[PDB]
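Please read the structure below before turning to the comments.
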Amino acid sequence: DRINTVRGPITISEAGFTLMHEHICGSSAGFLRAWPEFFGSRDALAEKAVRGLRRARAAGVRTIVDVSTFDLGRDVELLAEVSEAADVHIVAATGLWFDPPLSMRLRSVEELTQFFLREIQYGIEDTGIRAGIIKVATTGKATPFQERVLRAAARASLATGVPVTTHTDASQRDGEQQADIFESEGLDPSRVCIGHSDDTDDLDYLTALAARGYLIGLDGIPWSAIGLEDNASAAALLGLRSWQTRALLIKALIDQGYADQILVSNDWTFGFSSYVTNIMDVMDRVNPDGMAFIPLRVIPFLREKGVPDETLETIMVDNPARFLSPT
Amino acid sequence: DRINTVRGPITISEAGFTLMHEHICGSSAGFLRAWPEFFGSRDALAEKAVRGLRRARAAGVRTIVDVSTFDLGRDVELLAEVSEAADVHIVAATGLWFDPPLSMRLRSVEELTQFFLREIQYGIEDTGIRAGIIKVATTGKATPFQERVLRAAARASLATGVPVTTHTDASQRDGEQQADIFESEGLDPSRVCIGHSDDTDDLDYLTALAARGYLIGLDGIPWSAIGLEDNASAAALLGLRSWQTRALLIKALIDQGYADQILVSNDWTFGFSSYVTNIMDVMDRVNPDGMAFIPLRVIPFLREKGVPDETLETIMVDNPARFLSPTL
Ligand SMILES: C[As](C)(=O)[O-]
Ligand SMILES: C[As](C)(=O)[O-]
Ligand SMILES: [Zn+2]
Ligand SMILES: [Zn+2]
Ligand SMILES: [Zn+2]
Ligand SMILES: [Zn+2]
């Protein structure tokens, strides 16, 4: 009973404190190999990752799930290099985000299913590294292609037991349509995390989903453009709600009885080519702690607001363990 | 004077009979490495490309220019492998086609220039293989991003002497806007080929660009869905004009005195993931000669219509040599 990481199978107990939604680098397929100098160099990007992951490890983190797909420019050799150097387990993702190229965009459910199965069952590219999660996306009402991806993801997950995690536009309650399609396909909600759910203050939306058995991805806690409201690009990406506001959703879902179903993350990165230039310097200003932000700031904050230690252990250790374990 | 190929620099005279607009595999960045099974396997794609290239070489072809960009999933290692096994030179391209991912789409003119220069001056990825041509695209009126690509292409060309070749929607006369943007950047028209110009029967349009010194890319001669019109995807790709109708545009431009500005090609490929599934099968049934189509079918057609052998030699040998030669 194992979880696949970029360095091979680990037992469930080796996962430990897990960040369920992160990135080493948010990019585009082939981009890091073709234009490494965009990040200074490949090795500069690798060293910055290792630095961050090592700080994160010292704050308690033992595993990250990199939910970078093919079209987010996932580079599993990079993941494996920084994973070994930082001694942090990394889980790699299959699926598709919202920038699929034509060779993906034009594919059928059946073809998309073969591709996801391949990255899980056989390996990514020629590396033998197998994905341990499936990432999907909608950005409002699903496009016909995005529906095809949701159905292919559900099928790959039913075939392998590997779970599904999603990008939503939470302001458009995208989780509801994602849920309806997963349920028509036959996927159990306990195998699905509806992500970016911390982008909304609509508790009605989040409890309805948790009521139906979905894990709830509160995965962007440090994302805030408060204090640089005249950077339009950064305000659009990070929002104008505080990290405290986002984190209090964690407490709120615990008070409604759903601690079992929460997954907490930073949605951090060491490189971000698929947004405006120098966004990574803006982000690093806003949250200097990077991936360490959850353990160093958010856990202590929840403790101080009356959340018991056993509860936080369950969210940061047991919820990720149950979710990632294939079933 | 030298041209960069996927096996290093060659002299002008080694290029010989050159197809200026071809593909080994039309795809998407990273796609061939992530999902080789789409093409059967990497081995099966290479086998088919080497066979098709040896077929082309036996008909007289010595060089092709693969105008597959980054976002067309150009794999220069595949290009090196098949170039060498078939003993046909391949010129690799930089630039961007019309499926740029976000990491390209959001870049400034300056950033794109630096990217194109990297692939010409240094190499593609970590291979040391340098691009010998810059490929760009509009599909209608230029988007803001495509405008930035054209300007970045002009600046890369000006700095390196490497020529620019374009994708157009010919039916919307894109080459007119492409020309204005390039000229606004001070690029000489003789460094520019306006491609897919055989997709239109608009001689007024084509002769006006030729008059301004542009090279005219008649690059899809075997492309035709006549006979299989009820295949809607193939019809939209290949069109409802015969290969002979396309080839007669070559004769038309020669007749108007523009033999020196014509570039003829097949726009062929050995895999095509960035269109509908099994399109390769439709295309191969239409044109089984693949890249040998120009020398075995089009050159004898134009001879029978009274075009002199010396003019066909100019168009297939001299025009490419002059266009590909880096010239500042
Ligand atoms: C790469 As993201 C902003 O969708 O987590
Ligand atoms: C790859 As094409 C059909 O624009 O030559
Ligand atoms: Zn997302
Ligand atoms: Zn993310
Ligand atoms: Zn084209
Ligand atoms: Zn082409």
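In listed order, ligands and their atoms are each counted from 1. Order of the sequence lines fixes the chain letters, A, B, ..., with proteins taken first and strands second; residue numbering starts at 1 for each chain.
- With a cut-off of 2.8 Å, the Zn ion (ligand 6) has an N, O or S atom of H21(B) in range.
- Vertex the Zn ion (ligand 6); arms to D267(B) atom OD1 and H23(B) atom NE2; angle 90° (nearest 10°).
- Scanning the protein heavy atoms around atom 3 (C) of ligand 1, the nearest turns out to be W223(A) CH2, 3.6 Å.
- Distances shorter than 4.0 angstrom occur between a heavy atom of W97(A) and an atom of ligand 1.
- Interface atoms of ligand 1 facing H196(A), defined by a heavy-atom separation under 4.0 Å, are 4 (O), 5 (O).
- Shortest non-hydrogen contact noted between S233(B) and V276(B) is OG-CG1, 3.3 Å.
- Those atoms of ligand 1 with a heavy atom of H23(A) less than 4.0 angstrom away are 1 (C), 5 (O).
- A parallel orientation is assigned to the rings of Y275(A) and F272(A), their planes being inclined by less than 30° (bins at 30° and 60°).
- Salt bridge absent: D71(A) and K135(A) never bring a charged side-chain N and a carboxylate O closer than 4.0 Å.
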Open item on the list: Does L45(B) form a side-chain contact (heavy atoms from CB on, under 4.5 Å) with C25(B)? I'd like the steps, not just the answer.
Closed with: CA-CA 8 Å; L45(B) 180 65; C25(B) 184; 3.9 Å; yes
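- Taking the six-membered ring for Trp and thresholds of 30 and 60 degrees, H21(A) and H196(A) have ring planes inclined between 30 and 60 degrees apart.
- A heavy-atom distance below 4.5 Å is found between the side chains of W243(B) and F293(B).
- The shortest N/O to N/O separation between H167(A) and ligand 1 falls below 3.5 Å.
- Every atom of ligand 2 with a heavy atom of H21(B) under 4.0 Å away is listed here by number and element: 5 (O).
- Heavy-atom proximity to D267(A), at under 4.0 Å, picks out these atoms of ligand 1: 2 (As), 5 (O).
- Residue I124(A) comes nearest to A93(A) through the heavy atom pair CD1-O, 4.5 Å, listed as atom of the first residue, atom of the second, then distance.
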